[PDB]
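Peer 1: okay, structure incoming, though there's no sequence with it:
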RNA sequence: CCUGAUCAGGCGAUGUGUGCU
């Protein structure tokens, strides 16, 4: 399956490739409807 | 007359063309069934529903009998003598009413019974969908893998099943594989009926070659006889309708690309398009394809026929289980 | 909204709702085991969605209630005992039942 | 006065008398629902086998 | 897993102790 675990620093190109979107607001969860 | 049932009848997404007043009566009978299911006296139920106002009422029954069980719905003829014998044996003559109950337990019971009646209406409409064709050459995609039967999903939520004795002996189906067949029966099983097919008849290959050949529709060539031992071996004799045209060449396509595709409809059929001529002598001699015919005798009174051939041709003209020979006979 | 302490709970048979009274608090002196209902308390979950069948049902009964969750107190799984005492507290502005 | 004698005649035979009224028939079915009485019984006069003298 | 009739509804970290090995 795998052979080794490798660690290194993370360039910002790589960090933008991990994600699936951007977060822009501090709002947690809606009220009266328990949906984000 | 609250007019809630007025707008409630005219929802009308799935039951517009379905019976609206009958669905209203069925929902009323479900609610009255729950209302029976809350008291302890086991009395039968009757809801009475109005179309003009929308409002309704709940009546109890008395259920004329010659017996004593179900005693809150038990009546007899000597008790009908006080009604001057007007009741007959057996009737469900109602002689009582009930009023109302809020009852969140019974509210959940009404929701469950309404889901049951909605399921019944769905089954009824699916049988109505089957009633508009009643049986046809139609394809499906099987979804479930049961024992000696395969369940098939089709379009517009209709379904079917394939029986194993209706299926091939060796060819075993698997999900993701499409199967086209002629359906021939809808037997009423428990909680509604389901479609059943049999994709093994010569009708299936016949309609497959009709959908395949463009000369088959336009009467350039006629399909004289289609004979199939299904899955194993098959020989069909066809001729051109006086056009000097290759019937095997037109019904074969490019490099067998009709019939070898059409055999894929049967699931591996060994099919032979065969020639046919004017008199039954040359037509049967060419329907003895693939073989060589030296001579053929026939009897004009009683329909009997005899052929002779070499042994290297006799092995080809006989067949394993008489498939070629019974094929030419039928 | 507020939460009721009523006896008419959905989704449970008579097996759980047998020790309760008409008010929804278990009888003083009743042998209970692990897994039974002591106080029947249902909550409004919030409306949040409705379907054609519940629309039809809401026209039939006229009940507003109608999307209700259960949050009944139940005996922790394993203990036993016989209920010897029941205390109820209400803040002002609330009506009192038969029990209080 | 005893429900056994009421059982000795059938319920239809009870219905052949105007001494029974409308609510009385409901009371008849309500008592007979408990499977104790009015099931159309017949004895010799009073006693069955377990109704023996001892 | 638990509860009811294939569907619905239920899965905490810190700190303070205190007690056992």
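Peer 2: Yep, it's here. Numbers count the residues shown, from 1 in each chain, chains lettered A, B, ... in the order given.
Peer 1: chain neighbours aside, what residue packs nearest to residue B:169?
Peer 2: residue B:231 (6.7 Å; CB to CB, 6 or more residues apart in numbering or on different chains). Heads up, the C-betas are built off the backbone N, CA and C, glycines and all.
Peer 1: what's near enough to touch that neighbour?
Peer 2: Residue B:231 sits next to B:168, B:169, B:170, B:171, B:200, B:266, B:267, B:268, B:269 when contact means CB atoms under 8 Å, 6 or more residues apart in numbering or on different chains.
Peer 1: tell me the secondary structure of residue B:307, please.
Peer 2: Three-state call for residue B:307 (DSSP: H, G, I helix; E, B strand; the rest coil): strand.
Peer 1: skip the chain neighbours and tell me the closest residue to it.
Peer 2: residue B:296 (5.0 Å).
Peer 1: which helix or strand contains that neighbour?
Peer 2: Counting by DSSP states H and E, the element that carries residue B:296 is strand B:295-299.
Peer 1: picking that back up, make a PyMOL selection of the buried ones in the contacts of residue B:231.
Peer 2: In PyMOL, this line selects whichever of the contacts of residue B:231 come out buried by 16 or more other CB atoms under 10 Å in any protein chain shown:
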select buried, chain B and resi 168+200+266+267+269
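Peer 1: over to the residue of chain C found nearest chain D: give its phi and psi.
Peer 2: Relative to chain D, the nearest point of chain C is residue C:14 (19.9 Å; CB to the nearest CB). The phi/psi pair for residue C:14 (degrees, to the nearest 10) reads phi -80, psi -10.
Peer 1: what's the answer for residue D:14, then?
Peer 2: Backbone torsions for residue D:14, taken as degrees, to the nearest 10, come to phi -70, psi -30.
Peer 1: list the contacts for it?
Peer 2: Residues near residue D:14 by CB under 8 Å, 6+ apart: D:6, D:20, D:28, D:38.
Peer 1: could you rerun that using 7 Å?
Peer 2: Taking CB atoms under 7 Å, 6 or more residues apart in numbering or on different chains as the criterion, residue D:14 is in contact with residue D:20.
Peer 1: same check on residue B:77?
Peer 2: Contacts of residue B:77 (CB under 7 Å, 6+ apart): B:85, B:87, B:89.
Peer 1: then residue C:37?
Peer 2: Contacts of residue C:37 by CB under 7 Å, 6+ apart are C:16, C:17, C:20, C:72, C:74.
Peer 1: run the last query once more with 6 Å
Peer 2: By CB atoms under 6 Å, 6 or more residues apart in numbering or on different chains, residue C:37 lies in contact with C:16, C:72, C:74.
Peer 1: by neighbours, which of the contacts of residue B:77 wins?
Peer 2: residue B:87 (20 neighbours; other CB atoms under 10 Å in any protein chain shown).
Peer 1: sorry, back to before: for the residue of chain C closest to chain D, give its distance to residue B:181.
Peer 2: 50 Å (CB to CB, to the nearest Å).
Peer 1: more neighbours: those two, which one.
Peer 2: A count of neighbours by other CB under 10 Å puts residue B:181 above the other of residue C:14 and residue B:181, at 24 against 7.
Peer 1: what parts of chain D come near chain B?
Peer 2: D:12, D:15, D:16, D:29, D:32, D:33 (CB under 6 Å from any CB of the partner chain).
Peer 1: which of these fall within strands?
Peer 2: Among the residues of chain D next to chain B, none falls in strands (DSSP state E).
Peer 1: of those residues, which belong to helices?
Peer 2: Among the residues of chain D next to chain B, the subset assigned to helices under DSSP state H consists of D:12, D:15, D:29, D:32.
Peer 1: give me the ChimeraX select line for the residues you listed, limited to the buried ones.
Peer 2: ChimeraX command restricting those to the buried ones, with burial defined by 16+ other CB under 10 Å:
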select /D:12,15,29,32
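Peer 1: so which of the ones in helices among the residues of chain D next to chain B also contact chain C?
Peer 2: Okay, of these, nothing touches chain C (CB under 6 Å from any CB).
Peer 1: count the residues that sit near the closest residue to RNA strand E within chain B.
Peer 2: Residue of chain B nearest RNA strand E, by CB to the nearest atom of the strand: residue B:112 (4.9 Å). Counted by other CB under 10 Å, the residues lying close to residue B:112 total 10.
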